[PDB]
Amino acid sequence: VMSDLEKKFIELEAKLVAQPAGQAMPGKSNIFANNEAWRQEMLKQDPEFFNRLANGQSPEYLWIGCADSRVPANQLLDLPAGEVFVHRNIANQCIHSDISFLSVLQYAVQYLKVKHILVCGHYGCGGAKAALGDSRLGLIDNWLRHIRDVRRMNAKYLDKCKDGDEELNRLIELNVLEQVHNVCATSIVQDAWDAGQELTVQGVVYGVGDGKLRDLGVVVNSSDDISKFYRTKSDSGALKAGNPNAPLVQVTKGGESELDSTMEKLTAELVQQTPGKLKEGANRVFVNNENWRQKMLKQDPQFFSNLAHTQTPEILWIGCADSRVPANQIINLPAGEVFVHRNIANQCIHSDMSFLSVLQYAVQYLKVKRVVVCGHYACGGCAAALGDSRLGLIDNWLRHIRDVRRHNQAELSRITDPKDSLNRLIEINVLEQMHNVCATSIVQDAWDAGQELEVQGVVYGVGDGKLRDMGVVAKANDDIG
């Protein structure tokens, strides 16, 4: 008594398992044809294109951006693809308890030893805009309540604004600042800073009309500790030492941590400038961004204005934070014609709000025709899932890939070579994640509402940039009874 969705996937798994790990062939969709056209054009311009791509340097930057972004992170930074570790969600949020955010952060900081973290917002952000001008949005409204907290906490700055556009601009800027605060306040960044690890967190925004990054501030190292205001030196370390009953002694009245003060300063510097006309900072991030812009304007004086015209995306791409190729690029589409979600190991966990919010927004509101789950050969997140690391956020998130391994030993057992075996796990993970998006209330509602929505599974190796078909599902009822 399996549902049609269940049957469909058993069929897709057989189709996958009949091809060897890493050798799946491209499929039917025009995305494979477009991906091919791209590969050809790339090889034609530079025959070393993929060799260089497959052999780039580790990323030194973690970039937390928005899903509706018309410019790839590496591009804005004038850096090679893959040199920037990317996380994307609705309105570039850095919610305190969001594990999708926390796991990408911990992976970037502890696994990758990333040196700089950038939170980037963009003017005109559909997420920020929905928070102010739309209601009764369902699931995603719960995600957007965090942006509402930003408007709430900063009413003084917002009410000051002269018009709707100036107010949206300012909310977007304040949103970035608030997320920067959140990144610095995580246990991950606090621990790193306590251990003297070199790690900066900086905010940035830009308008697609010029692609110019404006500065929201950089924090180098600021303790967010306030226990010094409530615990006597003797009672200090109480809870960790098993004593949760040690008294709270008000050492000082209204103490604020170093982080609080740091943010107070950055806020002051943001607010004193005109909304939407912030200055660029002097850090290399801005100078590199500037060289990039000039280079673009050279080859095309309207480059950015066109970028600012691109039509609503018809595809949602869910990929891995490793990202050695921008989604729009791999399928030969203009920057901004694809809505993107990226996390560690391209997971589509059933109950993951970051994933569900992007899905709903794309499927229900933007009405995209396709949802593509894209994995990649040699994925470090997947490789990390098989290791022995005990990191509280990243390693509990990765336990989901372990379930995939465990439930697919029949096929995995046949492969003993480590490389191929990882690559097979990576393929089945894509298949399993596709199943999950197909099973969401979101896709099921769209389907039985008669909405055209294709869920495509894809995988590729950076050495060739060729997309390999993991399966496609046009419609499949998931009802059992």
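The first residue of the shown sequence is 1; numbering continues from there.
Averaged over Cα atoms, the B-factor as recorded in the entry is higher for 298-306 than for the other of 298-306 and 213-221.
Checked against the record, the higher mean CA B factor of 174-182 and 110-118 lies with 110-118. In the deposited coordinates, the residue among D395, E166, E258, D141 with the greatest CA B-factor is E166. If you compare the C-alpha temperature factors of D417, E432, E454, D445 in the entry, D417 comes out highest. In the PDB entry, a CA B factor belonging to the lowest third of its chain's modelled residues is recorded for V458. When the modelled residues of the chain are ordered by their C-alpha B factor, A246 lands in the highest third.
Among all modelled residues in this chain, the alpha-carbon of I401 has a temperature factor (C-alpha) in the middle third. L53: CA B factor lies in the highest third for its chain, per the PDB record. Ranked by C-alpha B-factor against the other modelled residues of its chain, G196 falls in the highest third.
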